[PDB]
Amino acid sequence: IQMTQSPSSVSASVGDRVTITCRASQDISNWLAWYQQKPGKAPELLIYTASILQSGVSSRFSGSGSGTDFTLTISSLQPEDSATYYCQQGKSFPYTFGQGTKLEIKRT
Amino acid sequence: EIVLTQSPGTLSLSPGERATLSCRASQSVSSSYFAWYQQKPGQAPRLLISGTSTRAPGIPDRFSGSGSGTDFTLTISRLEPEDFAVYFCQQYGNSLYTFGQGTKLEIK
Amino acid sequence: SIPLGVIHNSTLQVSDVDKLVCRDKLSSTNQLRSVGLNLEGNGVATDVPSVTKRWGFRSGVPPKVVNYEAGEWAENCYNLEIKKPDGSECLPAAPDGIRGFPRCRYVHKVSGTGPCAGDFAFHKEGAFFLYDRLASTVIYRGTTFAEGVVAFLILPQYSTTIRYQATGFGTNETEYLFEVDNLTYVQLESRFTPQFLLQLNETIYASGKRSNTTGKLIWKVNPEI
Amino acid sequence: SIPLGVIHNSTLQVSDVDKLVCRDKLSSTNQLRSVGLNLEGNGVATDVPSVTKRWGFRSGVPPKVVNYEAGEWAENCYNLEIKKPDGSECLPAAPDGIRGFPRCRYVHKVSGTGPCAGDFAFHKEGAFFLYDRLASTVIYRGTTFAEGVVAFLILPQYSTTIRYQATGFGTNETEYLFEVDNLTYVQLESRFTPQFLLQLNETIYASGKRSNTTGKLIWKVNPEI
Amino acid sequence: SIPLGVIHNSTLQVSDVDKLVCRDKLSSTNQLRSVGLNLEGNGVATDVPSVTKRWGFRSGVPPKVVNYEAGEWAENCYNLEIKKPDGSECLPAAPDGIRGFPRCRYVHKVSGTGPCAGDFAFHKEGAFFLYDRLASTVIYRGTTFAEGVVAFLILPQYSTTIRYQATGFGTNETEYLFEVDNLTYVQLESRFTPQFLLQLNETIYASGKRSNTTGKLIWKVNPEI
Amino acid sequence: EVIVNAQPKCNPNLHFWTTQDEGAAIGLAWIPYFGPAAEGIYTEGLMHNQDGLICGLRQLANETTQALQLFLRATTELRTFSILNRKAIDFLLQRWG
Amino acid sequence: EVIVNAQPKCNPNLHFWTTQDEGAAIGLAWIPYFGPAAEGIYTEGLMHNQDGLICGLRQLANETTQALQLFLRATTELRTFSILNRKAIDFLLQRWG
Amino acid sequence: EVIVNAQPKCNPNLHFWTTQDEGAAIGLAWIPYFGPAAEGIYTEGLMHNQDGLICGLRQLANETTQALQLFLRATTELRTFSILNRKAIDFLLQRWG
Amino acid sequence: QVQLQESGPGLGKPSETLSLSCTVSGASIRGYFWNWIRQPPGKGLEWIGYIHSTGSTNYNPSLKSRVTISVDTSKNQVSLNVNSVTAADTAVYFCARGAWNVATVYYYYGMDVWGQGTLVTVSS
Amino acid sequence: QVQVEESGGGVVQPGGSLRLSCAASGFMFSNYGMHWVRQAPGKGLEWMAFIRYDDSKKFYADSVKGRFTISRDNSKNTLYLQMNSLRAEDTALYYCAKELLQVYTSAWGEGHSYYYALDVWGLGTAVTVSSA
Ligand SMILES: *[C@@H]1O[C@H](CO)[C@@H](O[C@@H]2O[C@H](CO)[C@@H](O[C@@H]3O[C@H](CO[C@H]4O[C@H](CO)[C@@H](O)[C@H](O)[C@@H]4O)[C@@H](O)[C@H](O[C@H]4O[C@H](CO)[C@@H](O)[C@H](O)[C@@H]4O)[C@@H]3O)[C@H](O)[C@H]2NC(C)=O)[C@H](O)[C@H]1NC(C)=O
Ligand SMILES: *[C@@H]1O[C@H](CO)[C@@H](O[C@@H]2O[C@H](CO)[C@@H](O[C@@H]3O[C@H](CO[C@H]4O[C@H](CO)[C@@H](O)[C@H](O)[C@@H]4O)[C@@H](O)[C@H](O[C@H]4O[C@H](CO)[C@@H](O)[C@H](O)[C@@H]4O)[C@@H]3O)[C@H](O)[C@H]2NC(C)=O)[C@H](O)[C@H]1NC(C)=O
Ligand SMILES: *[C@@H]1O[C@H](CO)[C@@H](O[C@@H]2O[C@H](CO)[C@@H](O[C@@H]3O[C@H](CO[C@H]4O[C@H](CO)[C@@H](O)[C@H](O)[C@@H]4O)[C@@H](O)[C@H](O[C@H]4O[C@H](CO)[C@@H](O)[C@H](O)[C@@H]4O)[C@@H]3O)[C@H](O)[C@H]2NC(C)=O)[C@H](O)[C@H]1NC(C)=O
Ligand SMILES: *[C@@H]1O[C@H](CO)[C@@H](O)[C@H](O)[C@H]1NC(C)=O
Ligand SMILES: *[C@@H]1O[C@H](CO)[C@@H](O)[C@H](O)[C@H]1NC(C)=O
Ligand SMILES: *[C@@H]1O[C@H](CO)[C@@H](O)[C@H](O)[C@H]1NC(C)=O
Ligand SMILES: *[C@@H]1O[C@H](CO)[C@@H](O)[C@H](O)[C@H]1NC(C)=O
Ligand SMILES: *[C@@H]1O[C@H](CO)[C@@H](O)[C@H](O)[C@H]1NC(C)=O
Ligand SMILES: *[C@@H]1O[C@H](CO)[C@@H](O)[C@H](O)[C@H]1NC(C)=O
Ligand SMILES: *[C@@H]1O[C@H](CO)[C@@H](O)[C@H](O)[C@H]1NC(C)=O
Ligand SMILES: *[C@@H]1O[C@H](CO)[C@@H](O)[C@H](O)[C@H]1NC(C)=O
Ligand SMILES: *[C@@H]1O[C@H](CO)[C@@H](O)[C@H](O)[C@H]1NC(C)=O
Ligand SMILES: *[C@@H]1O[C@H](CO)[C@@H](O)[C@H](O)[C@H]1NC(C)=O
Ligand SMILES: *[C@@H]1O[C@H](CO)[C@@H](O)[C@H](O)[C@H]1NC(C)=O
Ligand SMILES: *[C@@H]1O[C@H](CO)[C@@H](O)[C@H](O)[C@H]1NC(C)=O
């Protein structure tokens, strides 16, 4: 199983709109979980099953997908959103992850 | 034609013992198509072991039976008071069912 | 050569063409039938965890197909859709002229995945896979069949669908699931009649114990029941 | 069973195999022919608005194909290319081994659209659709056929293309067009011989009354002529 | 009709069914075999520049296939992959049920290009192209065959691959190349045994005279050797 | 028995097209590479009426249609090629015993 | 000879499904356009046991399996339709001489 | 009649490859899942010359080629499998009457 | 969970026709063996006959002259008729399902499931 | 309350062995299946291994088949990872993580598992494979 995050590195200011699409070599159709690893921290789960938001996380994080073509969408950026963004395989073992999109937040 | 003669006519045994009821075919059969029933009084008969050794579903494992030529047994180890009924020998073969009289079994 | 039977005063004999039985006259091609008989008759076990040990994969052998003219009514019919782990199909699609086996009590529709080391699916005891008036020796994808063999003769003069899932199909470690819907289901155990499962989906649709989420659902069954 | 004929002093009899006609000896397989005969012989109407009421669509039935060995010379041969309104083809493409019906006077090539409620195209009177030495019971896309049936026997011892169009094919309200070129044409009426249409394209190519634009062109015909 | 042979005291006669030879009894269908015999037996030249003058292209004729039941062991088997100059394949892909010719000494695998004026590849002397128990009259792409014909009877009671290349295939001006690997090779001349070529790749893999570049490599051979 | 026509109209003249049933191999015509195309492998002929063979023949065809349809429903073959062989075996079995 | 069953279990009652072998063309049912679908072209019946025809029959099937497999390995056809015709020709050849 | 060879060269020794025509089902080899591959289902043998059966045989093949081509042009089947059955029916019809 | 419901008149009249009815709840008739069983009270069981859903029927030879059995797939009902009854026919009556097997479970022509059974009396 | 914490790190010689200890507190440890993943020290994150809660499957990535072994003890409420035959690429960051799972029992006398994903992580110990 092969997953590929596209694009690789995004830098934008506070309040901007970030869309990251993960891809899959084969069909999984909703089985993906969205992570957020602030550097030095643990990856915080954002959206599991590719469309359902984790509790404890605000509704600025959205996005969906179908088949092999799954997208995260940040409706508005925060200064705490400077993080490396992750995908998770969900259907077949072994798992594999996205390569990691290091979102940089342009701060004051 | 085929007459199923049970032996003995009655049983009266203690709990935990082993009751062995056999029935004799009036003819040579060699067709393992049999059935042992439990007629609770006021109730329809209920299948225990069909096909001369095959336990029916729902039947607790303390029932067994076998036989080859004309004598065909039914064996209950570890006698329980809930087995108090009259038991029936049955033969199917050449497009016809046939029965015997039966044997009253009594748990002490 | 291929042996052959004969009816004579309602008694089945081997049609000895090696030592010709001249007393039994063959007057028309209507007197020839080709009948197919199910493995349900012999008494082989019919539930799926007993079934898919009789099946197996192989490459390098071509498949073959022979027809017949009448068959048994069946009690269990099977169907498969197995994907290779890289997302492709293990089983070849059915060429045309194939329809499903037409008189079936229950259809054990089975999907899922497995390693699929080989090209085709053969029967380990050399039986046939009975399709619509066409015995084959392979499994076509998505076409409901039954198991059994074919006997040759010389003559005198609706359904109900049950869906499964499977992981690691073919090996001796394949796990089996029921399906209630595409999210809610329950793991199988060997002591389960299908009527128990019919009471189970009726119970679950009554008590509403379905998916109200987006994930997959695996019940187990009460170990003392 | 399937009935059969026999020639005897140039007189056709039903080949009674039920009560064997021992006087007529069958000495070789060359003495067996399988002939196909057209519905032009019986006198059915042959023009297209009389034709396509005999045709109709159906799903859920498999098609069949039988061969023969000789046929009539034909006077009218047909051909179809009908699209579903969502852009797909109504008729299945021809599998291999099919060639067109080989001796035809005129080819009534017909294209256009229709509702196409079903899978295949069957003949309502149960006739065959005669292809190259292969009677079928369906219409393949784009393969010129003729109508007729097949008789069995025991023996003793170029073309011209006419293009149409059609809208709402299959129903009883289907309109019919001629074609002069891919823009210029003329609506059909029932009183029209094809020779009238041959004089019509020759007249139009003489008088130049074609498209000199980019749109479609529908003439009608003089109602008193 | 199709002629036929017969064995009688180990002597081959034409099976005269026109004047029936009643003394020779036909008792079973096992007594019928259908055998295929190679053109290596007659003594036709077998090297490729003598071979591909016997082949040729044609359109407008359908292909045919007949089976047999036993064949000669062969000494030379051929194989083709020829591309049209616009990048498409000259030869049709093999339909199913075709396997290669199964007992071959050497396989003359030949690839390259040619004009390919036609649909199919026919044999100019009307021979067959022997596949696995299936004589055909065309060449399928990529399926190893041998040349020969088929005789009919009534009965009494590993390999080694040699790769070529070709440019302008089919015409009388086709050039022929050997292949050592996908870059290194050597032009052919008529006086060359294949054992000479076996010593040649063994010599070249010994002396290392291969490609150590990215281009194509064409040796010639010593004109006095 | 002699079949009586029941149809309204009946053409009493055929025009038959068939394969060249046997042909002298004149030189190289039999080889397919020198062979004619598909449009040229045929032969044709007429058939003058010989006491209503043609109208009885077409009536025979219309009588055969129903049984042939019911036969073709009963099989699973795409291309039934073996009716004549089967009926020859029927003839030999009924005459043999 | 009479075949003796060797199997552990054997159902002594069949339930046969087959094509309507012959059928009266009641009006227009024989035409395929008015014909029933694929699920409706069949007929069925039972077969009460007549001195073990059924158990001997299944034993016959299990005896035929090996030779049928070795026959089907030997051919190159996808869909062998001609076993019965071949065995009828075998019968006629062995009885003829 | 005895056919006389007309060819320039003729190999007087065959080397035959054929299917295992009958074979003892040794255990489980007959089941295809335990069966050998396609390269292993064959058998082979020689044929020493027995007064020119082989050269007459090849001459017979070259004589059959033209009629077989003209037969295969005449059909519409892709894969003609029924020549032998047809010629057996020819034999029985000509000997019957 | 399949259920079988017997029904019929409790009282008879000798030399008349006695009709009964077994009604299927929970499954189909189509494809199985459906029985009738006589039980005189205090006696053994007497088997009467069976009909299969094709309409083929077999009888006990003791009652071959007397009775007849029919089935209705439309109303999903199984019917028993006894012609020219007598007082000896007073018994408890049963219907039972003798298939070879349902889906996974072999029954070997045992009788798996039963109706509750009715006492029917022929008298003046 | 939900406590997932790594322990047992250090430096081990190549080919050596080490057992990690991921302790658990705050949830039904005997009801939830557990995971191990691996982050390279300066690169992206990848997966290693898991075990099912009933102890029915000990499934591993392609890199460490024949190298590592998962056990787990529902008595101690502690996830284990036995490492064996260590190699230089195993010098990395190691996480133990809890799966995203909800259990309902309200249909009859048997529960359930809502299989989604992985949700709750540990801090992360790092092991260096070096002879030192
Ligand atoms: C014609 O009628 C005969 C009647 O005998 C049927 O015979 C069967 O033949 C097959 C093989 O030809 C037998 O299958 C083998 O059975 C052995 C013993 O069976 C016991 O063990 C199995 C294991 O599951 C139990 O299920 C069974 O109840 C018995 O307790 C097994 O040892 C064999 O298994 C071995 O080989 C297989 C091959 O892959 C491996 O997978 C296994 O791991 C193991 O190593 C094998 O299963 C079968 O038992 C015979 N049955 C009877 C009743 O005799 C034929 O089936 C029938 N012909 C046709 C075409 O139907
Ligand atoms: C064997 O030879 C017989 C000789 O009788 C031919 O018989 C034909 O059989 C078909 C049906 O089997 C007949 O078709 C029907 O004709 C009825 C009466 O025909 C009149 O009406 C039609 C309507 O267009 C006129 O064209 C015709 O000239 C007559 O004036 C019609 O009432 C029927 O139509 C009804 O059913 C169809 C079914 O879809 C509906 O579409 C209609 O709306 C309507 O409800 C039907 O058309 C035909 O008339 C018979 N011909 C003769 C001469 O008797 C067989 O054709 C032939 N067998 C074969 C295989 O060729
Ligand atoms: C049955 O057995 C007979 C035995 O006679 C075989 O007969 C062969 O028949 C073919 C044609 O039917 C002959 O082929 C022709 O040969 C002519 C003379 O051959 C000389 O020239 C060729 C040219 O290469 C030399 O190779 C050969 O050694 C001779 O020196 C040629 O003139 C013909 O070529 C002409 O036509 C072709 C057609 O395309 C053109 O391409 C050429 O340019 C040229 O114009 C043709 O080649 C063959 O010679 C006969 N052989 C023998 C031994 O008689 C049959 O082959 C055999 N049947 C089967 C089916 O195998
Ligand atoms: C059957 O399962 C056991 C369980 O581990 C395994 O060891 C064995 O290899 C399996 N059988 C086959 C043929 O793989
Ligand atoms: C399950 O089936 C329903 C019924 O249409 C469908 O809407 C839903 O999308 C399906 N679930 C998935 C995960 O595809
Ligand atoms: C379970 O029961 C419901 C009853 O409405 C039915 O619709 C559903 O298809 C059943 N499931 C299966 C697999 O039979
Ligand atoms: C529906 O979801 C809610 C929230 O998880 C849960 O409390 C409830 O029990 C669910 N319904 C059923 C029938 O389980
Ligand atoms: C025939 O056309 C009329 C005209 O409106 C229409 O009412 C009728 O439905 C059509 N026939 C059919 C079968 O649709
Ligand atoms: C009509 O045919 C001419 C002839 O080639 C062609 O050039 C033209 O494009 C066609 N018209 C349309 C609308 O395709
Ligand atoms: C009409 O006549 C011209 C004459 O040149 C011909 O080319 C054209 O094809 C004709 N159209 C039809 C449909 O026959
Ligand atoms: C050609 O087009 C012009 C402009 O519409 C028109 O006047 C003329 O009549 C056309 N030609 C013909 C033959 O109609
Ligand atoms: C054979 O080659 C010569 C050499 O130029 C050429 O002139 C001739 O046309 C070729 N033969 C054919 C049939 O093209
Ligand atoms: C030649 O073959 C080698 C062997 O794999 C391959 O690596 C190389 O790319 C090939 N050359 C070309 C030009 O494809
Ligand atoms: C040439 O010889 C080498 C020997 O190792 C062999 O591998 C290679 O395949 C040979 N080439 C051909 C075309 O036989
Ligand atoms: C390898 O390439 C170099 C540079 O062209 C050349 O000198 C050398 O001869 C080549 N090797 C062989 C074996 O030709």
# chains A, B, ... in the order shown; residues from 1 in each chain; ligands from 1
>>> interface_residues(of="chain E", to="chain H", cutoff="8 Å", atoms="only C-alpha atoms", output="MDAnalysis selection string")
chainID E and resid 1:5 10:14 17 29 32 37 41:43 63:67 69:73 102:103 126:127 149:152
>>> residues_around(residues="segment 38-46 of chain B", least_positions_apart="3", cutoff="6 Å", atoms="only C-alpha atoms", output="PyMOL selection string")
chain B and resi 85-87
>>> residues_near_ligand(ligand="ligand 4", cutoff="10 Å", atoms="only C-alpha atoms and all ligand atoms", output="PyMOL selection string")
chain C and resi 170-174
>>> residues_around(residues="segment 112-120 of chain D", least_positions_apart="5", cutoff="10 Å", atoms="only C-alpha atoms", output="ChimeraX atom specification")
/D:56-63,80-92,137-140,164-171,174,176-177
>>> write_last_selection(atoms="C-alpha atoms", output="short mmCIF file (atom, residue, chain, number, x, y, z; two decimals), in the first residue's frame")
data_model
loop_
_atom_site.label_atom_id
_atom_site.label_comp_id
_atom_site.auth_asym_id
_atom_site.auth_seq_id
_atom_site.Cartn_x
_atom_site.Cartn_y
_atom_site.Cartn_z
CA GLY D 56 -39.15 -5.14 -30.67
CA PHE D 57 -36.93 -4.99 -27.65
CA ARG D 58 -36.61 -7.36 -24.71
CA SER D 59 -34.26 -8.09 -21.84
CA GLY D 60 -33.56 -11.20 -19.83
CA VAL D 61 -33.41 -13.73 -22.69
CA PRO D 62 -30.14 -15.06 -24.14
CA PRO D 63 -29.58 -14.95 -27.91
CA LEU D 80 -29.23 -0.75 -38.19
CA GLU D 81 -27.28 1.68 -35.98
CA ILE D 82 -29.60 2.86 -33.21
CA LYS D 83 -28.39 4.97 -30.30
CA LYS D 84 -29.99 5.26 -26.90
CA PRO D 85 -30.87 8.87 -26.02
CA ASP D 86 -28.06 9.02 -23.48
CA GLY D 87 -25.60 8.38 -26.30
CA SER D 88 -25.00 4.65 -25.96
CA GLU D 89 -25.75 1.92 -28.48
CA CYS D 90 -28.98 -0.03 -28.35
CA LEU D 91 -27.69 -2.89 -30.31
CA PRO D 92 -24.83 -5.17 -29.28
CA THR D 137 -32.48 -14.38 -33.39
CA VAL D 138 -31.09 -10.93 -32.58
CA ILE D 139 -29.89 -7.91 -34.52
CA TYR D 140 -26.21 -7.14 -34.38
CA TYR D 164 -32.56 6.53 -43.78
CA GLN D 165 -32.94 8.22 -40.43
CA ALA D 166 -35.39 7.56 -37.65
CA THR D 167 -36.47 9.20 -34.43
CA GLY D 168 -38.29 7.35 -31.70
CA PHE D 169 -37.41 3.96 -33.15
CA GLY D 170 -39.46 0.98 -32.06
CA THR D 171 -42.66 2.74 -31.00
CA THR D 174 -41.44 6.71 -35.30
CA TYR D 176 -38.74 8.42 -41.06
CA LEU D 177 -36.40 10.51 -43.17
#
>>> residues_near_ligand(ligand="ligand 14", cutoff="12 Å", atoms="only C-alpha atoms and all ligand atoms", output="JSON, numbers by chain")
{"E": [106, 107, 108, 109, 110, 159, 160, 161, 162, 163, 164, 165, 177, 178, 179, 180, 181, 182, 184, 185, 186, 194, 195, 196, 197, 198, 199, 200, 201, 202, 203, 204, 205, 206, 207, 208, 210]}
>>> select_by_dssp(residues="segment 39-91 of chain C", states="strand (DSSP E or B)", output="PyMOL selection string")
chain C and resi 55-58+65-67+70-72+76-83+89
>>> residues_near_ligand(ligand="ligand 5", cutoff="12 Å", atoms="only C-alpha atoms and all ligand atoms", output="JSON, numbers by chain")
{"A": [27, 28, 29, 30, 31, 49, 50, 51, 65, 66, 67, 91], "C": [179, 180, 181, 182, 183, 184, 210, 211, 212, 213, 214, 215, 216, 217]}
>>> atom_distance(atom1="atom CA of residue 49 of chain E", atom2="atom CA of residue 99 of chain E")
25.7 Å
>>> closest_residue(among="J:122, J:8, J:42, J:33", to="chain A", atoms="only C-alpha atoms")
J:122
>>> interface_residues(of="chain C", to="chain D", cutoff="12 Å", atoms="only C-alpha atoms", output="list in words")
residues 27, 28, 29, 30, 96, 97, 98 and 99 of chain C
>>> closest_atom_pairs(of="chain G", to="ligand 2", cutoff="12 Å", atoms="only C-alpha atoms and all ligand atoms", output="CSV")
residue,atom,partner,partner_atom_place_in_ligand_line,distance
G:25,CA,ligand 2,12 (O),11.7
G:26,CA,ligand 2,12 (O),11.7
G:27,CA,ligand 2,12 (O),8.3
G:28,CA,ligand 2,12 (O),7.2
G:29,CA,ligand 2,12 (O),10.7
G:30,CA,ligand 2,12 (O),10.6
G:31,CA,ligand 2,60 (C),9.0
G:32,CA,ligand 2,60 (C),11.7
G:33,CA,ligand 2,39 (O),9.3
G:34,CA,ligand 2,39 (O),9.1
>>> residues_around(residues="residue 83 of chain I", least_positions_apart="5", cutoff="7 Å", atoms="only C-alpha atoms", output="mmCIF file with N, CA and C atoms, in the first residue's frame")
data_model
loop_
_atom_site.group_PDB
_atom_site.id
_atom_site.type_symbol
_atom_site.label_atom_id
_atom_site.label_comp_id
_atom_site.auth_asym_id
_atom_site.auth_seq_id
_atom_site.Cartn_x
_atom_site.Cartn_y
_atom_site.Cartn_z
ATOM 1 N N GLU I 16 -68.005 -40.287 6.864
ATOM 2 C CA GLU I 16 -67.931 -39.007 6.188
ATOM 3 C C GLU I 16 -66.481 -38.682 5.865
ATOM 4 N N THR I 17 -66.273 -37.508 5.284
ATOM 5 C CA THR I 17 -64.945 -37.043 4.928
ATOM 6 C C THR I 17 -64.455 -36.054 5.971
ATOM 7 N N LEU I 18 -63.315 -36.363 6.570
ATOM 8 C CA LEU I 18 -62.727 -35.550 7.619
ATOM 9 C C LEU I 18 -61.551 -34.777 7.048
ATOM 10 N N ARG I 66 -58.077 -45.424 2.255
ATOM 11 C CA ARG I 66 -58.974 -44.574 3.020
ATOM 12 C C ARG I 66 -58.747 -43.083 2.830
ATOM 13 N N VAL I 67 -57.500 -42.620 2.816
ATOM 14 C CA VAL I 67 -57.207 -41.204 2.979
ATOM 15 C C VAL I 67 -56.694 -40.612 1.678
#
>>> residues_around(residues="residue 35 of chain J", least_positions_apart="6", cutoff="12 Å", atoms="only C-alpha atoms", output="PyMOL selection string")
(chain A and resi 93-95) or (chain J and resi 4+22+46-53+57-61+70-72+79-81+94-100+117-122)
>>> atom_distance(atom1="atom CA of residue 104 of chain A", atom2="atom CA of residue 16 of chain A")
11.5 Å
>>> residues_around(residues="residue 37 of chain I", least_positions_apart="4", cutoff="6 Å", atoms="only C-alpha atoms", output="list in words")
residues 46, 47, 48, 93 and 94 of chain I
>>> select_by_dssp(residues="segment 51-204 of chain C", states="alpha helix (DSSP H)", output="list in words")
residues 51, 194, 195, 196, 197, 198, 199, 200, 201, 202, 203 and 204 of chain C
>>> residues_around(residues="residue 64 of chain B", least_positions_apart="3", cutoff="8 Å", atoms="only C-alpha atoms", output="PyMOL selection string")
chain B and resi 49+53+55+61+74-76
>>> write_last_selection(atoms="N, CA, C and O atoms", output="compact mmCIF listing (two decimals), in the first residue's frame")
# COMPACT_ATOMS: atom_id res chain seq x y z
N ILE B 49 -31.41 -37.88 18.09
CA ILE B 49 -30.34 -38.38 17.25
C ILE B 49 -30.95 -38.98 16.00
O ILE B 49 -31.69 -39.97 16.07
N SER B 53 -26.34 -42.04 14.40
CA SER B 53 -25.33 -41.53 15.31
C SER B 53 -25.28 -40.02 15.39
O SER B 53 -24.53 -39.48 16.21
N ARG B 55 -26.17 -36.35 16.28
CA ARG B 55 -26.91 -35.58 17.27
C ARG B 55 -27.63 -34.42 16.60
O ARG B 55 -27.08 -33.75 15.73
N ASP B 61 -24.95 -33.00 25.09
CA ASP B 61 -24.08 -34.05 24.59
C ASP B 61 -24.16 -35.37 25.35
O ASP B 61 -23.46 -36.31 24.96
N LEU B 74 -29.68 -46.80 22.00
CA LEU B 74 -29.65 -45.40 22.40
C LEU B 74 -29.12 -45.36 23.82
O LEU B 74 -29.60 -46.09 24.69
N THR B 75 -28.12 -44.51 24.07
CA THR B 75 -27.37 -44.55 25.31
C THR B 75 -27.30 -43.16 25.93
O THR B 75 -26.85 -42.21 25.28
N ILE B 76 -27.74 -43.05 27.18
CA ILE B 76 -27.72 -41.79 27.90
C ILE B 76 -26.85 -41.97 29.13
O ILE B 76 -27.25 -42.66 30.07
>>> decode(residues="segment 67-75 of chain B", atoms="N, CA, C and O atoms", output="PDB file, in the first residue's frame")
ATOM      1  N   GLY B  67     -25.382 -48.905  16.464  1.00  0.00           N
ATOM      2  CA  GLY B  67     -25.920 -50.182  16.043  1.00  0.00           C
ATOM      3  C   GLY B  67     -25.640 -50.393  14.576  1.00  0.00           C
ATOM      4  O   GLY B  67     -25.506 -49.445  13.804  1.00  0.00           O
ATOM      5  N   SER B  68     -25.536 -51.664  14.189  1.00  0.00           N
ATOM      6  CA  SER B  68     -25.220 -51.952  12.796  1.00  0.00           C
ATOM      7  C   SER B  68     -26.271 -52.761  12.044  1.00  0.00           C
ATOM      8  O   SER B  68     -26.757 -52.324  10.998  1.00  0.00           O
ATOM      9  N   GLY B  69     -26.578 -53.967  12.516  1.00  0.00           N
ATOM     10  CA  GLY B  69     -27.411 -54.852  11.720  1.00  0.00           C
ATOM     11  C   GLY B  69     -28.915 -54.758  11.876  1.00  0.00           C
ATOM     12  O   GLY B  69     -29.626 -54.339  10.957  1.00  0.00           O
ATOM     13  N   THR B  70     -29.410 -55.173  13.046  1.00  0.00           N
ATOM     14  CA  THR B  70     -30.821 -55.119  13.394  1.00  0.00           C
ATOM     15  C   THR B  70     -31.055 -54.603  14.800  1.00  0.00           C
ATOM     16  O   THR B  70     -32.141 -54.092  15.081  1.00  0.00           O
ATOM     17  N   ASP B  71     -30.065 -54.715  15.676  1.00  0.00           N
ATOM     18  CA  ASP B  71     -30.134 -54.163  17.021  1.00  0.00           C
ATOM     19  C   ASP B  71     -29.476 -52.795  17.001  1.00  0.00           C
ATOM     20  O   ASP B  71     -28.360 -52.646  16.494  1.00  0.00           O
ATOM     21  N   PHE B  72     -30.179 -51.796  17.510  1.00  0.00           N
ATOM     22  CA  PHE B  72     -29.734 -50.419  17.413  1.00  0.00           C
ATOM     23  C   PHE B  72     -30.045 -49.700  18.712  1.00  0.00           C
ATOM     24  O   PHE B  72     -31.204 -49.584  19.110  1.00  0.00           O
ATOM     25  N   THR B  73     -29.002 -49.191  19.353  1.00  0.00           N
ATOM     26  CA  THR B  73     -29.112 -48.749  20.731  1.00  0.00           C
ATOM     27  C   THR B  73     -29.268 -47.243  20.815  1.00  0.00           C
ATOM     28  O   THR B  73     -29.041 -46.517  19.847  1.00  0.00           O
ATOM     29  N   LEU B  74     -29.676 -46.798  21.997  1.00  0.00           N
ATOM     30  CA  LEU B  74     -29.648 -45.403  22.401  1.00  0.00           C
ATOM     31  C   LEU B  74     -29.117 -45.357  23.824  1.00  0.00           C
ATOM     32  O   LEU B  74     -29.600 -46.093  24.688  1.00  0.00           O
ATOM     33  N   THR B  75     -28.123 -44.511  24.069  1.00  0.00           N
ATOM     34  CA  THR B  75     -27.369 -44.545  25.315  1.00  0.00           C
ATOM     35  C   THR B  75     -27.304 -43.159  25.927  1.00  0.00           C
ATOM     36  O   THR B  75     -26.848 -42.212  25.280  1.00  0.00           O
TER      37      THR B  75
END
